[PDB]
Amino acid sequence: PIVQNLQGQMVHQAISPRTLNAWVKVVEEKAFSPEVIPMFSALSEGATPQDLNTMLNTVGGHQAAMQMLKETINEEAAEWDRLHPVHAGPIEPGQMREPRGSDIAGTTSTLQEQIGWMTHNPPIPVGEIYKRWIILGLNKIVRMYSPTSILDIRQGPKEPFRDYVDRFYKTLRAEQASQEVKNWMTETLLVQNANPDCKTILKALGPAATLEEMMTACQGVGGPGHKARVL
Amino acid sequence: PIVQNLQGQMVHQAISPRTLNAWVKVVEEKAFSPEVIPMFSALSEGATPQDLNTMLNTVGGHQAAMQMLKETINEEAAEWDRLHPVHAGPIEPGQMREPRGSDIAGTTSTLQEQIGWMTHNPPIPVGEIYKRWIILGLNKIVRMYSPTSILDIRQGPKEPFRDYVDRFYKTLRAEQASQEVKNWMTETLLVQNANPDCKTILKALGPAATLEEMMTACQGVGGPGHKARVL
Amino acid sequence: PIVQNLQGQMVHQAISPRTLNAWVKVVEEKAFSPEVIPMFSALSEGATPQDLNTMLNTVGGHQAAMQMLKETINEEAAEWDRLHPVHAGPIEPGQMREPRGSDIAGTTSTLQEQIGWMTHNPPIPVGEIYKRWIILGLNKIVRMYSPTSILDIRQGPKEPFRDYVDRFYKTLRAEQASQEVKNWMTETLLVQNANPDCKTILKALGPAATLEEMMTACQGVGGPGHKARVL
Amino acid sequence: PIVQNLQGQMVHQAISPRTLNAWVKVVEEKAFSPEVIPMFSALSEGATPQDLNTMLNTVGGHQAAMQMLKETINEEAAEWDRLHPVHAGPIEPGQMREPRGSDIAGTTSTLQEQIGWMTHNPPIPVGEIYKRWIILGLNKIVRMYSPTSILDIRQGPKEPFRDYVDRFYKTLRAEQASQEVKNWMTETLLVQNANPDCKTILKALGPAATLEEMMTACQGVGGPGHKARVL
Amino acid sequence: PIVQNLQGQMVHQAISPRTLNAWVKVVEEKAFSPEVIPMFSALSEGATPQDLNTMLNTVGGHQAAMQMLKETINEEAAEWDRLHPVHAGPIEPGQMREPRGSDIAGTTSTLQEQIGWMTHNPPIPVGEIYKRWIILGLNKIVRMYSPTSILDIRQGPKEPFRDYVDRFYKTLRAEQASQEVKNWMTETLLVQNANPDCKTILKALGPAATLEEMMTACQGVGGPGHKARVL
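Just so you know, the sequences run in chain order cd, cc, aI, aJ and aH. Residue 218 in the deposited numbering sits at position 218 of the first sequence, and the numbers go up by one each step. Residue 79 in the deposited numbering sits at position 79 of the second sequence, and the numbers go up by one each step. Residue 220 in the deposited numbering sits at position 220 of the third sequence, and the numbers go up by one each step. Residue 114 in the deposited numbering sits at position 114 of the fourth sequence, and the numbers go up by one each step. Residue 151 in the deposited numbering sits at position 151 of the fifth sequence, and the numbers go up by one each step.
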């Protein structure tokens with residue numbers, strides 16, 4: 001890693017086995033999930049492409065996800081190359097050096113080249129660009145693996161509107177859906193299957209109402225096993 | 001986070017996984033509940049919008065509550081835009097742009113802009129502003145998922161009067177009656193929701209007696225459960 | 001509107017009566033439908049804000065919709081003055097006097113001022129800006145009034161798929177639903193309610209089948225697909 | 001009508017037969033619908049008193065109504081001579097003569113004088129004055145040809161109530177009422193004739209009740225979205 | 001559209017609403033016939049993408065055809081993108097960018113861009129290019145709503161030979177066959193699929209018989225040569 005970038009007095013430190021092992025223990029606990037992404041970002045503060053490759057290659061589990069994440073890196077590298085201006089050929093004093101797709105992912109570029117770009121004025125932030133591609137891959141992996149079905153998170157007929165809301169938002173955890181689609185899913189899977197007295201209020205509130213209003217609603221409505229409206 | 005933020009010129013220091021690990025552990029142990037709010041306020045000392053978003057993305061669980069909190073910060077951001085509208089045209093060359101609600105939430109803005117606003121004179125303290133919106137959301141979650149009501153509470157059958165006063169005060173901290181009302185509860189409601197063998201003792205003692213005297217009162221009420229707790 | 005005989009625009013002249021009738025008649029026969037906006041765009045080329053108000057005033061149908069549309073214009077007019085800083089002190093060198101938000105909607109300034117702004121070089125595009133506010137208002141009305149049932153389409157036993165598709169897309173077009181919802185309508189209705197003889201081909205093309213392949217399917221299959229119409 | 005040849009330079013043009021067709025049809029075939037006032041305003045844009053008099057006597061239906069229009073013109077022409085000197089002495093050298101009430105209505109004036117006043121500096125907008133007098137005549141006829149009094153309006157048992165509001169606002173275009181009276185109608189007539197779901201919105205909101213709330217209510221009744229309102 | 005300029009490069013002319021009214025009327029009656037393509041070409045003379053989009057979205061009927069045009073535009077635009085990679089680096093001083101597939105469709109291109117390409121040196125005729133893509137789509141649509149392919153066109157039991165040949169050519173015109181296929185079909189298929197009693201007569205005049213010779217034969221085949229209307 002490189003520390004004090006944008007702060008003055010930059011220091012290069014070697015990647016620690018302790019940090020790599022701590023990262024693997026985090027991966028063992030949390031797998032590839034929404035909460036692992038800021039932990040990965042925090043661990044990768046001032047990481048070079050070589051440091052990032054070392055972090056990717058130290059993982060033992062979830063190898064199908066790692067190869068698919070590597071495909072996402074390959075697609076981003078191919079895109080990066082595709083939109084890049086024309087770099088000069090094998091010139092006699094040695095090449096000028098501007099990071100191409102495989103340079104960004106550390107494959108064709110050295111640690112000293114990566115340090116060269118990161119210590120430039122203005123900096124060329126090769127580790128940050130690569131880290132964004134890894135995050136884009138992590139979002140892709142989180143969407144690819146689904147925890148629960150839309151079928152089984154449907155609202156209980158006598159139950160209140162609480163736990164099913166958690167399950168619905170766990171189900172759609174990294175999805176990118178529009179507010180109109182999200183409301184239609186909320187209505188179809190939850191509001192439609194709600195108890196009559198609660199449901200009329202939720203239907204009356206409709207799509208452009210707050211979640212807070214929908215949670216606040218349904219006063220004077222009974223529990224699932226209770227035999228009267230009062231609790 | 002920012003360092004040299006009291007009587008100085010601030011420097012940005014990168015976020016630690018150790019701080020995040022502590023936050024994740026506090027959320028694991030204590031969920032969102034009254035004692036969490038000052039702990040959150042304390043770790044939000046010297047925090048940027050990026051750091052605050054880093055804390056929000058490390059929560060993991062609590063999906064419906066987090067969605068309501070996200071809407072709450074969006075409502076507060078919309079109020080900030082309504083109060084302080086920003087001009088229709090692009091910014092002039094040579095002029096520093098004005099913070100919008102999205103910029104404060106860190107969804108259309110980056111650290112250098114944020115440092116710029118915090119180094120205005122008088123400054124715009126964007127992390128302090130955003131933290132207050134998040135704290136309102138957390139206080140809203142605590143009210144939504146409150147444990148039992150302060151009116152409805154009763155002294156337990158195996159519960160010492162002292163340990164009841166603590167549980168009543170914990171309940172009150174969730175239920176948040178005003179300071180004048182807390183003083184009224186201390187001399188009134190606290191006595192009235194006690195067990196009836198202790199009610200006579202409290203009336204004879206005088207309901208305005210000091211809290212240490214109260215913590216040393218009604219000893220032996222609560223059968224063998226009292227005797228297995230006062231040792 | 002503003003016209004000139006040998007190209008360009010200069011002299012203001014009265015709204016043409018065939019054009020005025022054509023505007024009233026498209027609204028009368030089609031109501032608040034997507035095809036009104038392009039016809040309105042063609043008719044209102046070089047119209048003043050006064051002429052645009054004449055168009056809004058002339059239609060005697062749908063007054064409740066007009067009140068909502070007018071209030072939409074009021075939000076935009078208020079917003080325009082709120083996002084452009086108010087000038088005080090002496091008017092600028094060679095400044096003819098800028099349009100305000102209520103001036104743009106023709107409420108508070110003369111036809112002579114409007115002509116002055118529009119015959120300016122390059123033009124100050126007050127009519128073009130005002131019809132955006134009108135189009136936004138119309139789209140809010142189109143949401144209220146355009147939709148029809150797509151569930152309640154009823155076709156004969158051996159009807160051509162191409163003639164069901166024609167009915168389905170006219171119906172789908174009337175719906176203002178977001179694309180994922182429209183895909184759900186397409187999945188649950190169009191390939192499921194279709195004639196058996198063509199339905200086998202739709203299943204053979206597979207559940208991701210594209211429309212050109214679907215419309216080239218089923219040659220000489222079904223009834224005529226052209227009778228019992230224009231009755 | 002007058003029409004601009006160059007900016008500030010006007011030539012007379014013959015009246016369009018389209019204008020005559022539209023005017024007679026709105027007056028006679030739509031039997032004094034309140035769209036006559038904006039249609040008259042739109043069609044009379046370049047009109048002179050001679051054009052307006054030609055329009056007045058091309059009507060063959062409703063000759064009692066035409067006499068009421070003529071009487072309204074006679075009364076307003078009398079008012080002009082009440083508020084402007086009837087004797088101005090000998091008219092000034094190189095000045096147009098001051099217009100009497102009869103001159104405004106094209107009775108003692110000629111077309112050359114009418115164009116002369118309207119193209120003067122300061123200009124006298126003689127047609128625009130005469131249009132107001134005609135509009136006052138139209139308004140009384142429109143009230144007389146209004147079929148039913150506003151408080152006596154009724155509904156069917158499965159009315160969505162959107163049309164009742166649409167009819168109520170259209171009715172106020174024919175026979176007007178003050179804002180305080182309309183506020184009273186909003187809390188009386190509308191509350192009585194509304195279905196429970198719409199009525200709850202009216203009862204809660206009072207006179208300033210917002211149309212979008214009631215237009216996003218009453219879905220179970222079977223109105224728009226179940227029945228087509230667009231072709 | 002853009003029209004001839006006597007003093008320089010061709011100038012904007014606002015879109016005719018008469019052309020829109022004619023275009024919709026043509027689509028209602030003539031859209032499933034090869035008649036539509038020349039009529040569309042005559043109507044769309046000098047049209048920009050904006051003019052073409054205005055024509056396409058004024059059509060609210062025939063939505064299966066409109067969706068088929070849009071599907072064709074997607075397919076054609078993608079083929080244009082395969083033909084032209086997007087340039088990296090800044091645009092040349094005073095120059096304008098190459099158009100991509102979305103630009104041709106009018107989606108990403110301004111009226112100044114559309115006119116700028118069409119007045120370029122050498123000009124890029126983007127309106128004509130978009131119009132041929134629409135024509136390619138219309139050519140699919142006429143065949144899609146044609147009753148079957150030409151190989152299955154056979155002479156009916158009471159159908160005249162001349163009427164069958166007119167129908168055969170109308171169906172062949174919908175199919176759009178290459179010239180030697182049409183010649184072979186005239187020589188062979190037309191004779192082969194004719195009525196058996198007619199077909200022996202067609203054979204008698206040999207395979208060198210002209211269309212004039214062939215339709216000189218076959219009198220007393222099917223119903224009347226000169227029809228009567230039924231009431």
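Ideal placement from N, C-alpha and C gives every residue a C-beta, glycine not left out.
Residue-level contact to chain cd via CB, residue i, 8 Å cutoff
{"i": "aH/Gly89", "result": "yes"}
{"i": "cc/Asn57", "result": "yes"}
{"i": "cc/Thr54", "result": "yes"}
Min CB distance residue i to chain cc below 8 Å
{"i": "aI/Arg132", "result": "no"}
{"i": "cd/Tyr169", "result": "yes"}
{"i": "aI/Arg100", "result": "no"}
{"i": "aI/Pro85", "result": "yes"}
Below-8 Å beta-carbon distance, residue i vs any chain aJ residue
{"i": "aI/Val27", "result": "no"}
{"i": "aI/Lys70", "result": "no"}
{"i": "aI/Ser146", "result": "yes"}
DSSP three-state assignment for residue i, whether helix, strand or coil
{"i": "aH/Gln112", "result": "helix"}
{"i": "cc/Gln219", "result": "strand"}
{"i": "cd/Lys199", "result": "helix"}
{"i": "aI/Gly206", "result": "coil"}
{"i": "aI/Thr107", "result": "coil"}
{"i": "cd/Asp152", "result": "coil"}
{"i": "cd/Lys131", "result": "helix"}
{"i": "cc/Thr119", "result": "coil"}
{"i": "cc/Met96", "result": "coil"}
{"i": "cc/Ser102", "result": "helix"}
Identity of the residues DSSP links to residue i by a beta bridge
{"i": "aH/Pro125", "result": "The partner list for aH/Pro125 (beta bridge, DSSP) is empty, contrary to what the question assumes."}
{"i": "aJ/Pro224", "result": "aJ/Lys227"}
{"i": "aH/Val142", "result": "In DSSP, aH/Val142 forms no bridge with anything."}
{"i": "cd/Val11", "result": "cd/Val3"}
Residue range of the unbroken beta strand (DSSP E) whose run includes residue i
{"i": "aJ/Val3", "result": "2-6"}
Contact with chain aI by residue i, beta-carbon distance below 8 Å
{"i": "cc/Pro122", "result": "no"}
{"i": "aH/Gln112", "result": "no"}
Limits of the unbroken alpha helix (DSSP H) element including residue i
{"i": "cc/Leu69", "result": "63-83"}
{"i": "aI/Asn53", "result": "49-58"}
{"i": "aJ/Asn21", "result": "17-24"}
{"i": "aH/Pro38", "result": "36-43"}
{"i": "aJ/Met185", "result": "179-186"}
{"i": "residue 270 of chain aH", "result": "No statement about residue 270 of chain aH is possible, as the shown extent of chain aH runs from 1 to 231 and does not include it."}
{"i": "aI/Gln192", "result": "No alpha helix (DSSP H) contains aI/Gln192, which DSSP labels as neither H nor E."}
Closer than 7 Å: residue i CB and nearest the ligand ADP heavy atom
{"i": "aH/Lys199", "result": "With respect to the ligand ADP, the structure shown offers nothing to examine, as it has no ligands at all."}
Interface flag, residue i vs chain aH, CB-CB below 8 Å
{"i": "aI/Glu128", "result": "no"}
{"i": "aI/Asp166", "result": "yes"}
**Asked** When you check each C-beta in the segment 176-207 of chain cd against every C-beta of chain aI, which residues fall closer than 8 Å?
**Response** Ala177, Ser178, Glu180, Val181, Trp184
Near-chain aI residues of the segment 5-38 of chain aH (beta-carbon distance less than 7 Å), N- to C-terminal order: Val11, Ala14, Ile15, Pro17, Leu20
**Request:** For the segment 38-50 of chain cd, enumerate the residues whose C-beta is nearer than 8 Å to any C-beta of chain cc, in chain order.
**Result:** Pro38, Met39, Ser41, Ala42, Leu43, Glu45, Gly46
Could you list the residues in the segment 215-230 of chain aJ with a C-beta less than 7 Å from some C-beta on chain aI, going in chain order?
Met215, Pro224, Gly225, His226, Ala228, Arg229, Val230
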